[PDB]
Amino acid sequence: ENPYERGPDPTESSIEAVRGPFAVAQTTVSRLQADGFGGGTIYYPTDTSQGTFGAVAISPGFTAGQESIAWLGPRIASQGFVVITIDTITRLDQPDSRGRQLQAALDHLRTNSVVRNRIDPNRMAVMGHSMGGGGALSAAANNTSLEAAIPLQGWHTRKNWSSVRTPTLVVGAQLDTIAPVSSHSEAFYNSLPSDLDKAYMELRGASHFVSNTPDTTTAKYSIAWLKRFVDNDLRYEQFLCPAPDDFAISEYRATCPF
């Protein structure tokens, strides 16, 4: 019925796995080959038997490089997605610039010889850490066609996200002192439209850089969100609705039923 369903029926263990059911290969986009971004690594499933996959672009934070968000690339791609982890044109790029670069990286995939036949170009999503998370929100605010947006410990001077029409999962860190949830993550979630499918997850005891190394909670809910909204996969709503009970989650909000 849903032609975008990929992989077997999920379980808590399947979405917590460091690698999902799809073997992953990678290709490098050099800074010189990248127009509108500073290059990146594309992770993709080698199995094309189940059809095309949605695309996800991930941005690092201020002064940071792809190495800070690299682990998310094949962890998410192994669940059935084409994922590009990007470097910014400059390490000093601000959130709105990072959002433009996330969109440029998604559009690069449309003509990339290695992945153009593997992607469904109509199904794309944006994610990012800190300023890169503010970039993911900005990209969604500037593109109503995006299917999912996931800011991780997002940082932005803009707190009003009334123009976002893309399902958004806001991930905050409880003890964040760089992008405090009260002035950043929660403020962003609170300004999303009231009819938007959205969720807020606060990571218990987590600091700002929780997204820079493997975090099972971040991975499991990012995977469930991308499946539910890039693939319209109703098989993954069970992990978001009703509210989960992970002890690693200190606060949770969701507009269930999605």
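Residue numbers run from 1 along the displayed sequence.
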item	value
Stretch with the higher entry mean CA B-factor, where the candidates are 225 to 233 and 205 to 213	205 to 213
Which of 131 to 139 and 89 to 97 has higher mean CA B factor, as the PDB entry lists it	89 to 97
Top Cα B factor in the deposited entry, candidates 196, 57, 42, 219	196
177, 145, 112, 79, ranked by C-alpha B-factor: the highest one	177
Third of chain Cα B-factors occupied by residue 182	highest
Assigned third (lowest, middle, highest) for the C-alpha B factor of residue 27	middle
Cα B factor band for residue 190 (lowest, middle or highest third within the chain)	middle
Chain-wide C-alpha B factor ranking for residue 117, given as lowest, middle or highest third	middle
Residue 168 - which third its CA temperature factor falls in, relative to the rest of the chain	lowest
